[PDB]
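Please read the structure below before turning to the comments.
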Amino acid sequence: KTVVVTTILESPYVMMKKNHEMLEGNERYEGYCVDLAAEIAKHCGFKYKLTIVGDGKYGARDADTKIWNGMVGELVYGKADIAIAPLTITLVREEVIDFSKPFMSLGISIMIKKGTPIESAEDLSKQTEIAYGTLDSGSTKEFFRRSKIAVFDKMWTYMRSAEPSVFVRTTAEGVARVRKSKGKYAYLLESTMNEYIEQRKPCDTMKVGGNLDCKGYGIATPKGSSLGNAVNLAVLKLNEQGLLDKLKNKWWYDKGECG
Amino acid sequence: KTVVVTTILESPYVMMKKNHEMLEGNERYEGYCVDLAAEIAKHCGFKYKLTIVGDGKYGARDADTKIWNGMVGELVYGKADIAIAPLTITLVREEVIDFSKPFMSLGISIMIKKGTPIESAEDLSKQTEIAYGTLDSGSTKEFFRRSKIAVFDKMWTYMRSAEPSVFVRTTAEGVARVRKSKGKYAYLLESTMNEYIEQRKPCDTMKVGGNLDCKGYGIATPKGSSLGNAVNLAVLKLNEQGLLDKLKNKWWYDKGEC
Ligand SMILES: NS(=O)(=O)c1cccc2c1c([N+](=O)[O-])cc1[nH]c(=O)c(=O)[nH]c12
Ligand SMILES: NS(=O)(=O)c1cccc2c1c([N+](=O)[O-])cc1[nH]c(=O)c(=O)[nH]c12
């Protein structure tokens, strides 16, 4: 009867509480997805146990081994009943798991150090004194590689052959590069993470311009789950009631540090 | 049995065949949503009758009367079983009907007359020689009114008080305005429609820049429908199989004129 929820340590979605070793079970954790899991569980009427994905991954098919890793793998291989995490809805994942309606929308966005004279992707594309880049792997890099929109193709042509490399290995590294680069590096990343960091001390970064594309995070269940329909209904209702917007404001802005 | 499908005459989703007068039933119509209805019906295993919505509307709640009009109304009040049309997924509609996963994604986009020196919303926002606007009502105007993104707020502040009015009553009026203005009017509208018109003679308009926001069209059923889940599974499968991409290319590009 107890539903196993797989999730991932990613701020502000799921974080260890400061006193987690004194605590046990679900009370060890806090965050946007901790709150959302409680609301989903209420609407669907189940008891649940939050469990952090063992490999700290979201989920992809290991191309060497054909085996799914991450939270997706935990669902496919029967170890968890539901994933409640910032897990991107993608076609390759939809082949092996089901997603709810998105509970959060997002897109590629521009992070600058405050004071940088950049307002848009167009601004970046037409210049070079301010370097700009993405994660060295993953879907943000791929969006630019594949784009046939003129501005994003212009940007990809610059990034792919820029020296020294404008790509970074982790999000932390891209954010640190923005902060340390005295206005001469801009970093392309998820709007949600960009907005979160804009509310973190030292309050020296800023999101500029509109989002470049459209994606969503969804609640995932194994195919054939007795839960898929109730979960989708719960996301719909929570969205309609403003609960998702309330949780976003809680974890990004009420708990933000930059006013 | 026989599922009543409500839809709307909107190119290239649903159109009268040139020879519709000789024809009857579903065979009078052609288009992306006609083909999609046939595929959904196949995957779900039902026979169906296509019917054009009586009042020619998508669906809104008459704020005076509480009564839903359009295809949404036909679902809510039991006159149709499923809507297969370019019907936007919105929260106020989700309160009274169910939507599938989106079968088409779209967003606000910029139409220019070819030769116009504009590539982006930022380009429009920084000048005035080229007027630009939206429909006089609806969600594109609301997007600009409500936006807190600097560039779109700048565009709204310009549009709301621009003289003469930059707004238009119909999309036909906006496209004709672009075409007749020798490059001094640009029109903000749905990317899907912009892309369609770009492939139509006289081949004098163009979509520039990326989309400004994110929306979707979905298949709609009344709440509690025995069809909602099968319809959703069918959209998922048709998307995964590439059929939706194939139909888009058919009606926008294989059948394009440019
Ligand atoms: N700190 S980060 O820039 O944004 C970030 C960087 C890189 C990959 C991310 C990711 C985030 N995220 O928002 O938490 C979620 C997420 N979800 C997935 O499903 C996936 O495959 N990859 C990711
Ligand atoms: N520029 S337009 O593009 O010709 C167009 C103009 C105005 C409203 C539209 C609309 C389209 N469309 O794509 O067909 C679909 C649609 N669907 C709805 O549900 C709704 O409420 N309003 C609309």
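By convention here, the chains of the structure tokens are called A, B, ... in the order presented, each chain's residues are numbered starting at 1, and ligands are numbered starting at 1 in the order presented.
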
What are the residues of chain A lining chain B at 9 Å or less? Count only C-alpha atoms, and put the answer as a PyMOL selection string. chain A and resi 91-92+94-95+101+119-120+122+149-152+208-215+229+236-237+239-240

Using DSSP assignments from the backbone, pull out every residue in segment 96-213 of chain A that falls under alpha helix (DSSP H) and give it to me as number ranges by chain. A: 121-125, 139-146, 150-160, 171-180, 191-198

Close residues, residue 53 of chain A itself excluded, 9 Å, only C-alpha atoms, min 3 positions apart in chain, as number ranges by chain: A: 6-9, 56-58, 70-71, 74

How would the residues just picked look written out with C-alpha atoms as a PDB file, in the first residue's frame?
```
ATOM      1  CA  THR A   6      11.456   8.448  -6.411  1.00  0.00           C
ATOM      2  CA  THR A   7      12.947  11.950  -6.502  1.00  0.00           C
ATOM      3  CA  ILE A   8      16.308  13.723  -6.748  1.00  0.00           C
ATOM      4  CA  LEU A   9      18.345  16.146  -4.612  1.00  0.00           C
ATOM      5  CA  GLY A  56      21.414  10.889  -8.704  1.00  0.00           C
ATOM      6  CA  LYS A  57      20.270  10.842 -12.340  1.00  0.00           C
ATOM      7  CA  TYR A  58      17.107  11.926 -14.136  1.00  0.00           C
ATOM      8  CA  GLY A  70      18.051   7.460 -13.025  1.00  0.00           C
ATOM      9  CA  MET A  71      14.458   7.990 -11.873  1.00  0.00           C
ATOM     10  CA  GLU A  74      13.542   3.150 -11.185  1.00  0.00           C
TER      11      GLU A  74
END
```

Take atom CA of residue 182 of chain A and atom CA of residue 111 of chain A and report the distance between them in Å, one decimal.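 Spanning atom CA of residue 182 of chain A to atom CA of residue 111 of chain A is a straight-line distance of 13.2 Å.
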
Around ligand 1, at most 10 Å away and counting only C-alpha atoms and all ligand atoms, which residues are there? Put them as a VMD selection string, please. chain A and resid 8 to 13 57 to 60 70 to 72 85 to 90 93 106 to 108 134 to 140 169 to 172 174 to 175 188 to 194 196 to 197 216 to 218

Please, which residues have at least one atom within 10 Å of an atom of ligand 2, using only C-alpha atoms and all ligand atoms, listed as a PyMOL selection string? chain B and resi 8-13+57-60+70-72+85-90+93+106-108+134-140+169-172+174-175+187-194+196-197+216-218

Might you pull out every residue within 10 Å of residue 51 of chain A, with only C-alpha atoms counted and same-chain residues fewer than 4 positions away left off, and present them as a VMD selection string? chain A and resid 4 to 8 25 to 26 29 80 83

Residues from last step as file, C-alpha atoms, as a compact mmCIF listing (two decimals), in the first residue's frame:
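The result, written out as again23.txt:
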```
# COMPACT_ATOMS: atom_id res chain seq x y z
CA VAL A 4 7.39 4.59 -3.29
CA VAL A 5 8.12 8.09 -4.67
CA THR A 6 11.46 8.45 -6.41
CA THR A 7 12.95 11.95 -6.50
CA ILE A 8 16.31 13.72 -6.75
CA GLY A 25 11.52 9.31 6.65
CA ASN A 26 9.85 12.08 4.67
CA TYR A 29 13.49 16.59 3.17
CA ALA A 80 9.43 3.06 -7.58
CA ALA A 83 8.65 10.08 -9.82
```

Between atom CA of residue 154 of chain B and atom CA of residue 133 of chain B, what is the distance, to one decimal in Å?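 Computed distance, atom CA of residue 154 of chain B to atom CA of residue 133 of chain B, equals 12.6 Å.
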
Near residue 144 of chain A, within 8 Å and counting only C-alpha atoms, which residues show up once chain neighbours fewer than 3 positions away are dropped, as a short mmCIF file (atom, residue, chain, number, x, y, z; two decimals) with N, CA, C and O atoms, in the first residue's frame?
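Heads up, here's the output in out.cif:
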```cif
data_model
loop_
_atom_site.label_atom_id
_atom_site.label_comp_id
_atom_site.auth_asym_id
_atom_site.auth_seq_id
_atom_site.Cartn_x
_atom_site.Cartn_y
_atom_site.Cartn_z
N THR A 140 20.12 21.62 -23.93
CA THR A 140 20.30 23.02 -24.30
C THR A 140 21.31 23.15 -25.42
O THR A 140 21.08 23.86 -26.41
N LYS A 141 22.42 22.44 -25.30
CA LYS A 141 23.37 22.41 -26.40
C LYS A 141 22.71 21.89 -27.69
O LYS A 141 22.87 22.48 -28.77
N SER A 147 18.93 24.01 -34.35
CA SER A 147 17.99 25.07 -34.71
C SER A 147 18.23 25.56 -36.13
O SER A 147 19.37 25.71 -36.58
N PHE A 152 19.39 31.65 -33.61
CA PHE A 152 19.96 30.54 -32.85
C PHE A 152 21.01 29.79 -33.66
O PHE A 152 21.96 29.24 -33.08
N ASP A 153 20.85 29.72 -34.99
CA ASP A 153 21.92 29.15 -35.81
C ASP A 153 23.18 30.02 -35.77
O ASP A 153 24.30 29.50 -35.66
N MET A 155 24.09 31.83 -33.31
CA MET A 155 24.70 31.59 -32.00
C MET A 155 25.44 30.26 -31.94
O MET A 155 26.54 30.17 -31.39
N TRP A 156 24.84 29.21 -32.50
CA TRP A 156 25.50 27.91 -32.53
C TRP A 156 26.80 27.96 -33.32
O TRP A 156 27.81 27.38 -32.91
#
```

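Residues of segment 124-226 of chain B that DSSP, applied to the backbone, places in strand (DSSP E or B): residues 131, 132, 133, 135, 168, 185, 186, 187, 188, 189, 190, 205, 206, 207, 208, 215, 216, 217, 220, 221 and 222 of chain B.
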
Hey, what's within 12 Å of segment 17-25 of chain B if we count only C-alpha atoms and toss same-chain stuff fewer than 6 positions away? As JSON, numbers by chain, please? {"B": [4, 5, 9, 11, 31, 34, 48, 49, 50, 51, 52]}

Keeping only N, CA and C atoms, write the selected residues as a compact mmCIF listing (two decimals), in the first residue's frame.
```
# COMPACT_ATOMS: atom_id res chain seq x y z
N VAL B 4 -20.11 11.89 -32.61
CA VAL B 4 -20.32 13.18 -33.27
C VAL B 4 -19.08 14.02 -33.00
N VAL B 5 -18.38 14.39 -34.08
CA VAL B 5 -17.19 15.22 -33.98
C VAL B 5 -17.57 16.65 -34.36
N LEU B 9 -14.53 25.44 -39.59
CA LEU B 9 -13.95 25.73 -40.90
C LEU B 9 -12.83 26.75 -40.72
N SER B 11 -8.71 27.19 -42.34
CA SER B 11 -7.66 26.58 -43.15
C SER B 11 -6.33 26.55 -42.40
N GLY B 31 -8.44 18.44 -44.93
CA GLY B 31 -7.53 19.22 -44.13
C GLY B 31 -6.81 18.43 -43.06
N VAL B 34 -9.27 16.92 -40.50
CA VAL B 34 -10.01 15.82 -41.12
C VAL B 34 -9.17 14.56 -41.11
N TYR B 48 -17.57 7.82 -36.97
CA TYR B 48 -17.79 9.20 -36.56
C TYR B 48 -18.42 9.98 -37.70
N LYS B 49 -19.06 11.09 -37.33
CA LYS B 49 -19.65 12.05 -38.25
C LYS B 49 -19.05 13.42 -37.94
N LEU B 50 -18.44 14.05 -38.94
CA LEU B 50 -17.92 15.40 -38.80
C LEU B 50 -19.03 16.42 -38.92
N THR B 51 -19.08 17.38 -38.01
CA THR B 51 -20.11 18.41 -38.06
C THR B 51 -19.48 19.76 -37.75
N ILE B 52 -19.79 20.75 -38.56
CA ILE B 52 -19.22 22.08 -38.36
C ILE B 52 -20.01 22.77 -37.25
```
